[PDB]
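Novice: Next one to model:
(chains A, B, C, D, E, F, G, H and I, ligands or ions: 2)
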Amino acid sequence: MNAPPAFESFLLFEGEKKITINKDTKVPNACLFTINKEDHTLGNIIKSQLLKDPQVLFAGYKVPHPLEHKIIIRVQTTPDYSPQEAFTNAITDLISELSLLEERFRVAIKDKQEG
Amino acid sequence: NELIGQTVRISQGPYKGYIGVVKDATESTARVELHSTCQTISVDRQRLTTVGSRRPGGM
Amino acid sequence: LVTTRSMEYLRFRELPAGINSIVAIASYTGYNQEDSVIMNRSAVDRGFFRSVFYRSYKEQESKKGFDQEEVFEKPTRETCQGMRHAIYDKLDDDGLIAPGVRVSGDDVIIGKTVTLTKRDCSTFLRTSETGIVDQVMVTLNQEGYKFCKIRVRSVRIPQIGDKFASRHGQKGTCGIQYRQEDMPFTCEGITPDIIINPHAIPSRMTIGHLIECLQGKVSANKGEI
Amino acid sequence: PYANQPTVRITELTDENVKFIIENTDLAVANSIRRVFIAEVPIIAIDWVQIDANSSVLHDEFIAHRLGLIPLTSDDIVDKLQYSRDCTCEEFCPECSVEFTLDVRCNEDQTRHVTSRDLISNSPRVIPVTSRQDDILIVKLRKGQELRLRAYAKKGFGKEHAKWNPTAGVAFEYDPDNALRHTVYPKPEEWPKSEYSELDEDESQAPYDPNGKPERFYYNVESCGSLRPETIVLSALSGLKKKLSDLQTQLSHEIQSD
Amino acid sequence: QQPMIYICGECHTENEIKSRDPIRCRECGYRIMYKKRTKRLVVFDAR
Amino acid sequence: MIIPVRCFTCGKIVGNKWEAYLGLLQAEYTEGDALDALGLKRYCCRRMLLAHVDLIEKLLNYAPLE
Amino acid sequence: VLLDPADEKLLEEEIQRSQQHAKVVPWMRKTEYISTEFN
Amino acid sequence: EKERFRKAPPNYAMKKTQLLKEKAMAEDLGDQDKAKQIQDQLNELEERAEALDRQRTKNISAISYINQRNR
RNA sequence: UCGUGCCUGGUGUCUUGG
Ligand SMILES: [Zn+2]
Ligand SMILES: [Zn+2]
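Specialist: Numbering: from 1, shown residues only, chains lettered A, B, ... in the order given. Ligands and ions are numbered 1, 2, ... in the order given. Sure, the structure comes next:
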């Protein structure tokens, strides 16, 4: 009876934002990104990409409760670098990776197939 | 309200295609017992379409 | 998958009560921590531990007295004085719900009136039961009175708080359900079906559970029970 | 400060499973793709069942549940369909669904194997897996029992219900030899060798490699028949790439609007 | 004009059964009958 | 009641394999080779056919009519 | 044609396993299903 | 009238009719009634057993064969 | 062109839940 409908993990309600930036106050140059209707799929790749950034002091992600479909991404950079642009870069270049991987997989297929 | 107790189909939003019966209704919303899941949901009354259940020819 | 020789004669293999689940014994993410278990949502979607709960209802009509008499009848907001807030139209003119109709909590099942104009005496689905009417039977009791039984089925999908148990005394509630994307996995994509917290074994000394989990593995690969 | 540059190597390609090797990528990317194969690739599956006549020995929802789990050939069509919740139609559209139909009566004396043969599609492509080996048993009927229903298949993905998961089993693996010591064996010689182990039969695990990342992720994607096993992959990469593109859009809005 | 169609529990024949009637099959004197399926819209999510 | 459509664990279709499996037991096979000849590699999927009790065969004896 | 099973075998490239399924293992029986003929 | 003409045994009614036939045989002190009953009973038994094996001819038959060879 | 609304069970015993 109480069960959430299963579409609740990916479908945005009416009024809910996808993504939500919050300036953290406890250290300079720190933000908290709150993703709605996301889980460990989307939150882990962003985190791991952020760790590649040399200008990034701290990067992490959490799932506040596995019954509530939301992740938190906390980014802290160097004063010459907003976490806004950290976060932007770690999506941009990660898309560039997956696009290059998709392209490379495709050719590998067509070579396998009679080759 | 008229359609309380009638068979309706949810035609819009996340529950598209779910059949149910109207257990209660307002000027803007209804409560529908879904035929399938063990649950009653509240929905905007404009998301619904009446299906009805009748037989003709009565002879 | 691991049987006793004496469970042949109990006819247990003909009429079994349980499923061979790929159990892991792991402290995965805390939700199994204290007699609890983490179940696979993707397995439950595939019907793992899905069940039908049948509930069944009975009613008969009588000669109450000289002035008093019961009869199977749709009440109406016109003559029947006593009457509920409910939806009486779910049931046809027989005064009995048809099989196949959806019912919820405090819906009317068996329409019944008793003459005083007529009082309402009808039977209602138990509060918060929520099933579908599976079959409706009608007959005569010993007394030669009209007598019906109605059974209603609820498809009870495993949910957080349902109680699982093992063959060894290892009871536990479903503490959360993760999907196959979220479960741990072997060098192939064999996720667990159930994950039980290790802390259940050491104090309880159910070694037979481990052995069973061990032999069941042998049984599935040797392909012989 | 930028992306790594992965390389792919297909080892085994059948009409049932794919074995491929991804090199030069992060552990997170290599696992997130695994999550997406399972839960976030779209397929077509039965999701709406209207039961007209059911006289079988099973329930009503038992029939409907079993119909849900039957895989449907999706490759050419699934990236064309609307999700049901996104189609403008008041009921169902050929742009947002495929319609199915089962009409079976056991008249003969012998028992009736209600198989996936009986599911009649309106679309010639989105059929159950029958094309080119028995058929999924739905029910068994006796002399006088029948089953009439019509069903609709819609687009969905495994995050809702397992029915939309395209895979049998995804075999993810990295570092076959314990070079990272990500796992710590109490007795490292009691352990059988990986499929992938570049190790002799003398030594048990690779020597400890202090400075070193995972690369070389070994995959074995097995299709349920609903897609080709190599289409599951191109679709997942495109799904994850699409979630990130969407995310970026929402992000850019958030940035400029602060 | 609907006569309420029952099914005999032992003959399996359809029987037309109005009010104030003995619940007997008209084929053979068996005393159990079942209601036939509803005519209403029955729809399931394969789920 | 009736053989599941999918291995609950992994999700491989086993629904089509039950008739075939009993057919391979009309042949003189060990269950271990029957399971192998059908191609069930995982010890998840292999449990489905070993462990399935076919009760639909018994429910079919309760004729409605004739 | 003039040909032999010794020749036939040589036409194939490579066709020519896990034999332990059929082990005795006195602690391991066989399974039982639903017939229509019993006590 | 309506119990007379239509083919009586299938599906469940033959079991109760067989019992009734036995009772009719047993209630008779006359040997002629007993032997007529015996004959009648055997005939209906045969007919019924044929019908049962016919229905079970397929897909039941197949499982019967594997169960006898598995034990 | 219309205006009515909380009915509604008591007693015993066995089974089972932490
Ligand atoms: Zn549409
Ligand atoms: Zn499996």
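Novice: The nearest residue to residue A:79 once chain neighbours are set aside and residue A:52, how far apart?
Specialist: Once flanking residues are discounted, residue A:79 sits nearest to residue A:29: 5.6 Å by Cβ to Cβ, 6 or more residues apart in numbering or on different chains. From N, CA and C alone the C-beta is placed, and that goes for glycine too. Separation of residue A:29 from residue A:52 (Cβ to Cβ, to the nearest Å): 18 Å.
Novice: Tally up the residues packed near the closest residue to residue D:128 other than its chain neighbours, please.
Specialist: Nearest residue to residue D:128, sequence neighbours excluded (Cβ to Cβ, 6+ apart): residue D:116, at 4.0 Å. A count of nearby residues for residue D:116, using other Cβ atoms under 10 Å in any protein chain shown, gives 23.
Novice: go on, residue D:7?
Specialist: Residue D:7 has 16 nearby residues by other Cβ under 10 Å.
Novice: wait, it sits on residue A:104?
Specialist: Yes. At 6.4 Å, residue D:7 and residue A:104 qualify as touching, with contact defined as Cβ atoms under 8 Å.
Novice: Quick one: list the elements packing against the lengthiest helix in chain H.
Specialist: Longest helix of chain H, by residue count under DSSP state H: helix H:31-55. In terms of contacts (3 or more Cβ pairs under 8 Å, 6 or more residues apart in numbering or on different chains; DSSP states H and E), helix H:31-55 is packed against helix H:13-26.
Novice: and the helix it packs on, C-alpha only, in PDB?
Specialist: What follows is helix H:13-26, C-alpha atoms only, in PDB (Å, rounded to 0.1, in the frame of the first residue of the first chain):
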ATOM      1  CA  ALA H  13     -20.100 -36.300 -12.500                       C
ATOM      2  CA  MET H  14     -18.700 -39.800 -13.400                       C
ATOM      3  CA  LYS H  15     -17.000 -40.200 -10.000                       C
ATOM      4  CA  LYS H  16     -20.300 -39.600  -8.100                       C
ATOM      5  CA  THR H  17     -22.200 -41.800 -10.600                       C
ATOM      6  CA  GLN H  18     -19.600 -44.600 -10.100                       C
ATOM      7  CA  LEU H  19     -20.200 -44.400  -6.400                       C
ATOM      8  CA  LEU H  20     -24.000 -44.500  -7.000                       C
ATOM      9  CA  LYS H  21     -23.600 -47.500  -9.200                       C
ATOM     10  CA  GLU H  22     -21.600 -49.300  -6.500                       C
ATOM     11  CA  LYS H  23     -24.400 -48.400  -4.000                       C
ATOM     12  CA  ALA H  24     -27.000 -49.800  -6.400                       C
ATOM     13  CA  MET H  25     -25.000 -53.000  -6.700                       C
ATOM     14  CA  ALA H  26     -24.500 -53.400  -3.000                       C
END
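Novice: about what we covered before: quick one: buried residues of the longest helix of chain H?
Specialist: H:37, H:41, H:44, H:48, H:51-52, H:55 (16 or more other Cβ atoms under 10 Å in any protein chain shown).
Novice: Tell me the spacing between the residue nearest in space to the middle of chain B and residue A:105.
Specialist: Note on chain B: the residue nearest the mean C-alpha position is residue B:8, at 2.7 Å, using Cα atoms, centre = their mean. Look at residue B:8 and residue A:105: by Cβ to Cβ, they are 47 Å apart.
Novice: name the element residue C:71 belongs to?
Specialist: Using DSSP states H and E, residue C:71 maps to strand C:70-72.
Novice: What about contact with chain E: does the very next helix or strand once past that strand have any residue there?
Specialist: Where DSSP H and E defines the elements, the next helix or strand beyond strand C:70-72 is strand C:108-110. No. Strand C:108-110 is not in contact with chain E by Cβ under 8 Å from any Cβ of the partner chain; minimum separation 12.0 Å.
Novice: mind listing what the helix or strand that comes right after strand C:108-110 pairs with, with the direction of each?
Specialist: Per DSSP H and E, strand C:108-110 leads on to strand C:112-115 as the next helix or strand towards the C-terminus. In the sheet, strand C:112-115 lines up against strand C:70-72 (antiparallel), strand C:118-120 (antiparallel) (DSSP bridges).
Novice: and the first one, anywhere near RNA strand I?
Specialist: What that stands for is strand C:70-72. No. Using Cβ under 7 Å from any atom of the strand, strand C:70-72 stays clear of RNA strand I, coming no nearer than 13.5 Å.
Novice: just checking, residue B:14 touches residue D:86?
Specialist: No. Between residue B:14 and residue D:86 there is no contact under Cβ under 8 Å: 10.1 Å.
Novice: so what's the residue lying closest to residue C:37 once chain neighbours are set aside bridging to?
Specialist: Distance criterion Cβ to Cβ, 6+ apart; nearest residue to residue C:37, sequence neighbours excluded, is residue C:172 at 4.6 Å. As for beta bridges, residue C:172 partners with residue C:164 under DSSP bridges.
Novice: Was I right to think residue C:172 contacts residue C:32?
Specialist: Yes. Contact criterion Cβ under 8 Å: residue C:172 and residue C:32 qualify, at 7.5 Å.
Novice: more crowded one of those two?
Specialist: Neighbour totals were compared for residue C:172 and residue C:32, and residue C:32 leads with 27 against 20 (other Cβ under 10 Å).
Novice: gap between the more buried one and ligand 1?
Specialist: Using Cβ to the ion, to the nearest Å, residue C:32 is found at 42 Å from ligand 1.
Novice: residues touching that residue, list them.
Specialist: C:38, C:172, C:175, C:195-197 (Cβ atoms under 8 Å, 6 or more residues apart in numbering or on different chains).
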